[PDB]
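Written out below as structure tokens is the structure these notes cover.
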Amino acid sequence: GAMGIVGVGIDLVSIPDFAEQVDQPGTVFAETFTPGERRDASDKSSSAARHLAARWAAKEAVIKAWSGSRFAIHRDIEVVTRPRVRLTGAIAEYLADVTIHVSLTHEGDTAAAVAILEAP
Amino acid sequence: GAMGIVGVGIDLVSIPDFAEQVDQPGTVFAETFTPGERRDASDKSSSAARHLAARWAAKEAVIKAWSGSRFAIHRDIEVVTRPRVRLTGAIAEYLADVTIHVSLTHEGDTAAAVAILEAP
Amino acid sequence: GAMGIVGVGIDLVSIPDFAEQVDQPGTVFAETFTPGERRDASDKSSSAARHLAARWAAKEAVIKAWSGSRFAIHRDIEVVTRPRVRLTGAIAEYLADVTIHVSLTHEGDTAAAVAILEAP
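Just so you know, the sequences run in chain order A, A' and A''. A prime marks a further copy of an entry chain. For reference, each letter of the first sequence is one residue, going -1 to 70, 79 to 87, 92 to 130 in the deposited numbering. For reference, each letter of the second sequence is one residue, going -1 to 70, 79 to 87, 92 to 130 in the deposited numbering. For reference, each letter of the third sequence is one residue, going -1 to 70, 79 to 87, 92 to 130 in the deposited numbering.
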């Protein structure tokens, strides 16, 4: 239907840098991934590191699209795999009527994502 | 005019990895690029490898935008260079009334593309 | 409101390659960044190189979105940091009624940006 763009976001993630940083106590990483997921992903050459990085890139792209938007709580945004966005608590309510498009990708050393927010 | 977004896609392509893989018989590569194009591109430091990778990234971004869309045959989608999309057979008909925006880029080791599908 | 997409652009920038090239007299770089900014950014491991590259990637993404558009003077487009677009002279007038969405990112060796042009 008739829609307007509300926000845009792009994010790049070095997978090797991600693997080094992900397993740290008390971080936003720790609030986002389980201890087991983070240990696994701690091995930069793993498939687990590859995917977790892409999920993190997507979440970041979505945050950028929103933060630059007229809506202004990171544990309220979850990205599941195609990439799906699930929202909770406060933000869920903010964007109840906003359509979220996200796409992710990974190649060798790098993961990337783009997010576009849309509303009538 | 008044439009809604139908799908989004992003894709990253390691050019060196592309050059190694592209020249393989019986692959989707073989259905997409001519034997000559694929041999040329087999040299990772070439300009031919650079461009073929960007064309492949674009095609992939477009596929992602569509696959995640309400439309659900890869030799029916062709990308020509600015990036242009030409469709044939089945998919041509599916997206007869869908507007396709694609953009590509290459820098050193990496090619990238984004695609956005749009419809009233 | 009801909007249609007018153009799309993506751009990738090797930061090390940027640092080598940026400080060159009489170039588009020289028309875009001050001598001081360009000398600073000449050090590839600097934070100044990181940000200038991201600004350059954004400007390029915006140029791509426009060049592929029905509007057809690079010192008329400026990108300021979130990324903001400021236009002058000719192009300012062209896009007076066009909405510009831009997003940028940097990770290690690479900067990236995407731009989307929109109009009723």
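By construction, the Cβ of each residue, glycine as well, lies at the ideal position given by its N, Cα and C atoms.
Status (buried if at least 16 other CB within 10 Å, exposed otherwise) for A'':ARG53: buried
A'':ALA125 vs A'':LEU10 beta-carbon contact at 9 angstroms: no
Chain A within 9 angstroms of A':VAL124, Cβ atoms only: yes
According to DSSP, residues forming a beta bridge with A':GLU84: A':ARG96
Rounded C-alpha distance that separates A'':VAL6 from A':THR87: 15 angstroms
Supposed contact pair A:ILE110 and A:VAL95 - C-beta distance, whole angstroms, cut 8 angstroms: 5 angstroms
Interfacial residues, the stretch 15 to 30 of chain A'' to chain A', with Cβ spacing under 7 angstroms: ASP15
Secondary structure of A'':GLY34, DSSP reduced to three states: helix
Three-state secondary structure (DSSP) of A'':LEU10: strand
Cβ of A'':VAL112 within 9 angstroms of any chain A Cβ: yes
9 angstroms Cβ cutoff met for A:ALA106 and A:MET1: no
Distance between beta carbons of A':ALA17 and A':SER40, contact taken as under 8 angstroms: 6 angstroms
Three-way DSSP call (helix, strand, coil) for A':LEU105 in this model: coil
Closest Cα partner of A:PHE69 within the set A:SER12, A:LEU127 and A:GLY(-1): A:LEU127
Beta-carbon proximity of A:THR30 to A:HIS80, cut-off 9 angstroms: yes
Contacting residues, own chain, Cβ-Cβ under 7 angstroms from A':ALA59 (five flanking each side not counted): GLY7, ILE8, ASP9, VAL112, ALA123, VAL124 and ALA125
Within 9 angstroms, strictly: CB atoms of A'':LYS57 and A'':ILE83: yes
Identity of the residue in A':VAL20, A':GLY99, A':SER67 and A':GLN19 nearest A:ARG92 by Cα: A':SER67
Simplified DSSP state of A:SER44, which is helix, strand or coil: coil
Under the three-state DSSP convention, the category A':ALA28 falls into: helix
Under 7 angstroms by beta carbon: chain A residues contacting A':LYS62: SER113
Nearest residue (CA-CA) to A':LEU97, options A':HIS116, A':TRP64 and A':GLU117: A':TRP64
Residues that A'':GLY5 bridges to, as DSSP identifies them: A'':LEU127
Collapsed DSSP secondary structure at A'':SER113 in the structure displayed: strand
Contact list for A':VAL11 against chain A, beta-carbon separation under 8 angstroms: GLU117
Residues sharing a beta bridge with A':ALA121, DSSP: A':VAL11 and A':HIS116
Cβ of A:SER43 within 9 angstroms of any chain A'' Cβ: no
Under 7 angstroms by beta carbon: chain A' residues contacting A:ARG92: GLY66
Chain A' contact for A'':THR98 (CB, 9 angstroms cutoff): no
Backbone CA spacing between A':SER12 and A:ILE13 [nearest angstrom]: 14 angstroms
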